[PDB]
file my_file_35.cif (mmCIF, N, CA, C and O atoms)
data_work
loop_
_atom_site.group_PDB
_atom_site.id
_atom_site.type_symbol
_atom_site.label_atom_id
_atom_site.label_comp_id
_atom_site.auth_asym_id
_atom_site.auth_seq_id
_atom_site.Cartn_x
_atom_site.Cartn_y
_atom_site.Cartn_z
ATOM 1 N N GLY A 1 131.941 99.348 59.765
ATOM 2 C CA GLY A 1 132.019 100.298 58.617
ATOM 3 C C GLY A 1 132.700 101.587 59.066
ATOM 4 O O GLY A 1 133.796 101.916 58.601
ATOM 5 N N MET A 2 132.037 102.312 59.972
ATOM 6 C CA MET A 2 132.563 103.575 60.496
ATOM 7 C C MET A 2 133.878 103.348 61.253
ATOM 8 O O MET A 2 134.780 104.184 61.200
ATOM 9 N N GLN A 3 133.946 102.236 62.000
ATOM 10 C CA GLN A 3 135.124 101.896 62.823
ATOM 11 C C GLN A 3 135.276 102.874 63.981
ATOM 12 O O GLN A 3 134.892 104.043 63.874
ATOM 13 N N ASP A 4 135.793 102.370 65.109
ATOM 14 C CA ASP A 4 135.944 103.177 66.320
ATOM 15 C C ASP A 4 137.081 104.236 66.187
ATOM 16 O O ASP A 4 137.979 104.074 65.359
ATOM 17 N N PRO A 5 137.039 105.342 66.977
ATOM 18 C CA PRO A 5 138.069 106.442 66.905
ATOM 19 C C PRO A 5 139.472 105.973 67.284
ATOM 20 O O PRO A 5 140.459 106.388 66.665
ATOM 21 N N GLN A 6 139.562 105.133 68.332
ATOM 22 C CA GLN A 6 140.863 104.659 68.812
ATOM 23 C C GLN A 6 141.628 103.939 67.703
ATOM 24 O O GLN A 6 142.856 104.041 67.623
ATOM 25 N N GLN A 7 140.885 103.290 66.799
ATOM 26 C CA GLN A 7 141.479 102.638 65.648
ATOM 27 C C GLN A 7 142.083 103.690 64.715
ATOM 28 O O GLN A 7 143.159 103.482 64.144
ATOM 29 N N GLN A 8 141.368 104.821 64.559
ATOM 30 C CA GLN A 8 141.829 105.907 63.685
ATOM 31 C C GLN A 8 143.130 106.539 64.194
ATOM 32 O O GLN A 8 144.032 106.843 63.401
ATOM 33 N N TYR A 9 143.223 106.731 65.518
ATOM 34 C CA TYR A 9 144.418 107.326 66.130
ATOM 35 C C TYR A 9 145.649 106.460 65.852
ATOM 36 O O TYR A 9 146.700 106.970 65.454
ATOM 37 N N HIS A 10 145.503 105.153 66.048
ATOM 38 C CA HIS A 10 146.596 104.215 65.799
ATOM 39 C C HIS A 10 147.024 104.266 64.334
ATOM 40 O O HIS A 10 148.196 104.110 64.029
ATOM 41 N N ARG A 11 146.049 104.441 63.434
ATOM 42 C CA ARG A 11 146.314 104.468 61.991
ATOM 43 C C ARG A 11 147.286 105.611 61.608
ATOM 44 O O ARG A 11 148.215 105.397 60.816
ATOM 45 N N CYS A 12 147.047 106.828 62.148
ATOM 46 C CA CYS A 12 147.874 107.984 61.821
ATOM 47 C C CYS A 12 149.309 107.807 62.373
ATOM 48 O O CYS A 12 150.292 108.159 61.715
ATOM 49 N N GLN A 13 149.398 107.235 63.572
ATOM 50 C CA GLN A 13 150.668 106.964 64.240
ATOM 51 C C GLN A 13 151.424 105.803 63.593
ATOM 52 O O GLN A 13 152.638 105.796 63.586
ATOM 53 N N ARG A 14 150.683 104.790 63.146
ATOM 54 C CA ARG A 14 151.266 103.584 62.581
ATOM 55 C C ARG A 14 152.066 103.941 61.364
ATOM 56 O O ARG A 14 153.241 103.576 61.256
ATOM 57 N N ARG A 15 151.455 104.734 60.488
ATOM 58 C CA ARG A 15 152.150 105.224 59.325
ATOM 59 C C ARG A 15 153.308 106.118 59.749
ATOM 60 O O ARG A 15 154.370 106.123 59.119
ATOM 61 N N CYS A 16 153.070 106.906 60.802
ATOM 62 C CA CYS A 16 154.051 107.852 61.305
ATOM 63 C C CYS A 16 155.315 107.158 61.834
ATOM 64 O O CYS A 16 156.425 107.632 61.585
ATOM 65 N N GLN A 17 155.140 106.056 62.584
ATOM 66 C CA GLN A 17 156.276 105.338 63.172
ATOM 67 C C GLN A 17 157.021 104.507 62.136
ATOM 68 O O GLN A 17 158.257 104.436 62.162
ATOM 69 N N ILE A 18 156.269 103.880 61.223
ATOM 70 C CA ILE A 18 156.870 103.054 60.179
ATOM 71 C C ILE A 18 157.762 103.910 59.259
ATOM 72 O O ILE A 18 158.865 103.496 58.889
ATOM 73 N N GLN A 19 157.259 105.088 58.884
ATOM 74 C CA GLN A 19 157.990 105.999 57.988
ATOM 75 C C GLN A 19 158.856 107.028 58.761
ATOM 76 O O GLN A 19 159.517 107.869 58.149
ATOM 77 N N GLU A 20 158.831 106.956 60.104
ATOM 78 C CA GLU A 20 159.596 107.884 60.963
ATOM 79 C C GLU A 20 161.093 107.926 60.590
ATOM 80 O O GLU A 20 161.817 108.826 61.029
ATOM 81 N N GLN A 21 161.555 106.937 59.810
ATOM 82 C CA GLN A 21 162.968 106.851 59.432
ATOM 83 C C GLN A 21 163.413 108.124 58.719
ATOM 84 O O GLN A 21 164.512 108.627 58.980
ATOM 85 N N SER A 22 162.550 108.661 57.844
ATOM 86 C CA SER A 22 162.869 109.903 57.137
ATOM 87 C C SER A 22 162.259 111.128 57.880
ATOM 88 O O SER A 22 161.102 111.063 58.308
ATOM 89 N N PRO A 23 163.006 112.254 58.049
ATOM 90 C CA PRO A 23 162.471 113.477 58.757
ATOM 91 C C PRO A 23 161.211 114.038 58.089
ATOM 92 O O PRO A 23 160.269 114.467 58.772
ATOM 93 N N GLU A 24 161.213 114.047 56.751
ATOM 94 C CA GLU A 24 160.088 114.581 55.983
ATOM 95 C C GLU A 24 158.822 113.783 56.244
ATOM 96 O O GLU A 24 157.748 114.358 56.426
ATOM 97 N N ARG A 25 158.968 112.459 56.312
ATOM 98 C CA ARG A 25 157.843 111.565 56.574
ATOM 99 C C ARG A 25 157.211 111.880 57.917
ATOM 100 O O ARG A 25 155.989 111.814 58.062
ATOM 101 N N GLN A 26 158.054 112.235 58.894
ATOM 102 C CA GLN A 26 157.578 112.579 60.215
ATOM 103 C C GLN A 26 156.634 113.775 60.116
ATOM 104 O O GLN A 26 155.584 113.802 60.755
ATOM 105 N N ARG A 27 157.024 114.762 59.302
ATOM 106 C CA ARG A 27 156.212 115.957 59.122
ATOM 107 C C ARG A 27 154.882 115.636 58.451
ATOM 108 O O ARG A 27 153.841 116.149 58.867
ATOM 109 N N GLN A 28 154.914 114.768 57.429
ATOM 110 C CA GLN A 28 153.693 114.377 56.733
ATOM 111 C C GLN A 28 152.767 113.574 57.625
ATOM 112 O O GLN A 28 151.554 113.774 57.585
ATOM 113 N N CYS A 29 153.332 112.655 58.438
ATOM 114 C CA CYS A 29 152.476 111.824 59.317
ATOM 115 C C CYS A 29 151.922 112.628 60.471
ATOM 116 O O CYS A 29 150.763 112.477 60.836
ATOM 117 N N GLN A 30 152.752 113.509 61.010
ATOM 118 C CA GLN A 30 152.344 114.398 62.082
ATOM 119 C C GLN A 30 151.237 115.329 61.600
ATOM 120 O O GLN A 30 150.267 115.569 62.321
ATOM 121 N N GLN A 31 151.369 115.816 60.345
ATOM 122 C CA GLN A 31 150.343 116.669 59.752
ATOM 123 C C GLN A 31 149.078 115.877 59.461
ATOM 124 O O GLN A 31 147.966 116.360 59.703
ATOM 125 N N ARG A 32 149.253 114.639 58.957
ATOM 126 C CA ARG A 32 148.110 113.776 58.658
ATOM 127 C C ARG A 32 147.345 113.414 59.924
ATOM 128 O O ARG A 32 146.120 113.472 59.945
ATOM 129 N N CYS A 33 148.084 113.082 60.992
ATOM 130 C CA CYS A 33 147.473 112.752 62.281
ATOM 131 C C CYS A 33 146.887 113.980 62.923
ATOM 132 O O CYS A 33 145.889 113.889 63.566
ATOM 133 N N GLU A 34 147.550 115.125 62.775
ATOM 134 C CA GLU A 34 147.065 116.363 63.388
ATOM 135 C C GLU A 34 145.669 116.717 62.834
ATOM 136 O O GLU A 34 144.725 116.967 63.604
ATOM 137 N N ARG A 35 145.545 116.705 61.498
ATOM 138 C CA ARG A 35 144.280 117.013 60.839
ATOM 139 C C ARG A 35 143.276 115.884 61.004
ATOM 140 O O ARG A 35 142.086 116.127 61.239
ATOM 141 N N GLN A 36 143.762 114.649 60.856
ATOM 142 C CA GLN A 36 142.913 113.468 60.964
ATOM 143 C C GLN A 36 142.379 113.312 62.384
ATOM 144 O O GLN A 36 141.221 112.925 62.586
ATOM 145 N N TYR A 37 143.244 113.589 63.361
ATOM 146 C CA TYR A 37 142.895 113.461 64.759
ATOM 147 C C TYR A 37 141.711 114.383 65.075
ATOM 148 O O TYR A 37 140.746 113.973 65.722
ATOM 149 N N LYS A 38 141.809 115.644 64.611
ATOM 150 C CA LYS A 38 140.751 116.634 64.844
ATOM 151 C C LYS A 38 139.438 116.165 64.217
ATOM 152 O O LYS A 38 138.370 116.298 64.825
ATOM 153 N N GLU A 39 139.535 115.580 63.015
ATOM 154 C CA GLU A 39 138.361 115.044 62.321
ATOM 155 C C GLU A 39 137.743 113.908 63.139
ATOM 156 O O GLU A 39 136.518 113.807 63.259
ATOM 157 N N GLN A 40 138.613 113.073 63.718
ATOM 158 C CA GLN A 40 138.187 111.952 64.553
ATOM 159 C C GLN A 40 137.404 112.465 65.768
ATOM 160 O O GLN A 40 136.381 111.887 66.149
ATOM 161 N N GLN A 41 137.897 113.557 66.363
ATOM 162 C CA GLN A 41 137.263 114.160 67.520
ATOM 163 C C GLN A 41 137.813 115.562 67.742
ATOM 164 O O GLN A 41 138.893 115.733 68.316
ATOM 165 N N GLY A 42 137.064 116.556 67.281
ATOM 166 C CA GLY A 42 137.462 117.959 67.420
ATOM 167 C C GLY A 42 137.623 118.331 68.889
ATOM 168 O O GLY A 42 138.559 119.050 69.257
ATOM 169 N N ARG A 43 136.713 117.823 69.728
ATOM 170 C CA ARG A 43 136.757 118.079 71.165
ATOM 171 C C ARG A 43 138.000 117.433 71.777
ATOM 172 O O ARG A 43 138.277 116.253 71.537
ATOM 173 N N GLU A 44 138.747 118.216 72.564
ATOM 174 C CA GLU A 44 139.971 117.724 73.210
ATOM 175 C C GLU A 44 140.937 117.162 72.163
ATOM 176 O O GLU A 44 140.714 117.404 70.988
#
call {"tool": "encode", "arguments": {"input": "my_file_35.cif", "output": "structure tokens"}}
result
Amino acid sequence: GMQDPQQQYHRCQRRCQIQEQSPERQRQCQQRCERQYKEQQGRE
């Protein structure tokens, strides 16, 4: 249900690499992973 953190990290990047074709998408995925990553684990 909760799923492990390492799965979450791959999720933000997966979308990021697939849509990396467009520059704007890179910004949205980087922002999504940046915020999502912190939510996954604020520490480090």
call {"tool": "closest_residue", "arguments": {"input": "my_file_35.cif", "among": "A:43, A:6, A:12, A:38", "to": "residue 25 (chain A)", "atoms": "all atoms listed in the file"}}
result
A:12
call {"tool": "atom_distance", "arguments": {"input": "my_file_35.cif", "atom1": "atom C of residue 31 (chain A)", "atom2": "atom N of residue 4 (chain A)"}}
result
19.8 Å
call {"tool": "residues_near_point", "arguments": {"input": "my_file_35.cif", "point": "(151.4, 110.0, 60.4)", "cutoff": "5 Å", "atoms": "only N, CA, C and O atoms", "output": "PyMOL selection string"}}
result
chain A and resi 12-13+15-16+28-30+33
call {"tool": "atom_distance", "arguments": {"input": "my_file_35.cif", "atom1": "CA of residue 18 (chain A)", "atom2": "CA of residue 5 (chain A)"}}
result
20.3 Å
call {"tool": "atom_distance", "arguments": {"input": "my_file_35.cif", "atom1": "CA of residue 27 (chain A)", "atom2": "atom C of residue 1 (chain A)"}}
result
27.6 Å
call {"tool": "select_by_dssp", "arguments": {"input": "my_file_35.cif", "residues": "chain A", "states": "alpha helix (DSSP H)", "output": "JSON, numbers by chain"}}
result
{"A": [5, 6, 7, 8, 9, 10, 11, 12, 13, 14, 15, 16, 17, 18, 23, 24, 25, 26, 27, 28, 29, 30, 31, 32, 33, 34, 35, 36, 37, 38, 39, 40]}
call {"tool": "closest_residue", "arguments": {"input": "my_file_35.cif", "among": "A:21, A:44, A:36, A:26", "to": "residue 9 (chain A)", "atoms": "all atoms listed in the file"}}
result
A:36
call {"tool": "axis_aligned_box", "arguments": {"input": "my_file_35.cif", "around": "region 34-37 of chain A", "padding_each_side": "5 Å", "output": "lines of an AutoDock Vina configuration file"}}
result
center_x = 144.1
center_y = 115.0
center_z = 63.3
size_x = 16.8
size_y = 14.1
size_z = 14.9
